[PDB]
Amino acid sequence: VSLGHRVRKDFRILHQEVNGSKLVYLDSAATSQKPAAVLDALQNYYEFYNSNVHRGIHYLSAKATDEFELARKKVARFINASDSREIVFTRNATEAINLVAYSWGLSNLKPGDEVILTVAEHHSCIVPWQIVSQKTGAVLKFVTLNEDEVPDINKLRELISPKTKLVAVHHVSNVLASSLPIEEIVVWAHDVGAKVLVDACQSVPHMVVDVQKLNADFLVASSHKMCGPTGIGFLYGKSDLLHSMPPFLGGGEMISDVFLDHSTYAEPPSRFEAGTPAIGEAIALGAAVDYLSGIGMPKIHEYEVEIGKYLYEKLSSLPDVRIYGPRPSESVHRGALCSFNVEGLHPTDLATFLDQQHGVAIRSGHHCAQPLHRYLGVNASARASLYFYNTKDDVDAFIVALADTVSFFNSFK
């Protein structure tokens, strides 16, 4: 019995009919579904020991604080951070990138300083750095794609110079499904004194991530993509860097002392956590980490490689389909998603008919990567994305339904 067939039971939401058909959920890149263990953790928090954290003294507050801080350690261990104090809790990866942009970027970047991104970057990795650029006079250098539709790594390399102060790029693309060799990139960046921010939203849920191995300076991720609740994510940052950084959000809990004329600030990570945090959600994220760890991230990744390949092979066998990004092989890895279009058909029509007539859930749009879609010559793409609760059966159902959907719209032509 495959991994997907073994774990499906844990995810209550998968066992329903939508629009008359068995639900087939293929939108995990937009957000993931939650196992009972995580939901249980969340309910247990609110039912039994909810109270505000830090400075609290009383039994419930002490327990809430202990569990909140243990969750921070769980996340630390998940990505192999050396110290749990290098983990900062935010609402999502987006806010975590903004934290870096405001706190680190506004205080380190000077006119002429260069920040390197790729054209495949998610909006949350583009927009904050545009804003910093506008404020500091720093300039964004974009890495275009090669013929295999992956960021041109040769074109990344010679972009790195003594003027480069930051590289901010995906670990795995949410559209192309391709990866970047972060570890090498970090070496090249450090060689000129530049820092590296890793947008790890599509790697943290799906494969082993070791921030000490990568040696990345910053790393970001969202709970909602990794079986955890919405409303929380995190910033990993090297202790020495966090310590060098000024506060972003101000208020309760992040101060040491407050006087009328000025305040002094706590050390990281508290320095960066203003006011009452998402306590229950942090605890449930910890439960999500325990859940994924229990299955095992190597196991999840090997399973995803298999179903990902299966999806790619079956999808690409349909005529008139183009799948964006690299071909899978011995050397080139793909995440378990495919972004695609079908000749003469609008992906929104595909997604709508798939949902309404077949109960298949995919997404249509630019997937927060508008310049990428621009570069590839389209305004939108259809995207089917998998997680470890999906099965080859799901892929088979998708392919049958997609073939039907294409047949339907082509019948009027």
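Residue numbers here begin at 1 and follow the sequence given.
When 222-230 is weighed against 167-175, 167-175 comes out higher, by mean CA B-factor as recorded in the entry. Relative to one another, 327-335 and 92-100 have unequal mean CA B-factors, and 327-335 is the one with the higher figure.
Take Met254, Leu106, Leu285, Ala200 and read off each C-alpha B-factor from the entry; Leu106 has the highest. The top Cα temperature factor in the record, among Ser293, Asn146, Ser124, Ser270, falls on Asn146. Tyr265 sits in the middle third of its chain by CA B factor, as recorded in the PDB entry.
Among the modelled residues of its chain, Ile57 has a C-alpha B-factor that falls in the highest third, as given in the PDB entry. Among all modelled residues in its chain, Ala274 ranks in the lowest third by Cα B-factor.
Remark: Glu281 belongs to the lowest third of its chain, ranked by C-alpha B-factor as recorded. Among all modelled residues in its chain, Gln16 ranks in the lowest third by Cα B-factor.
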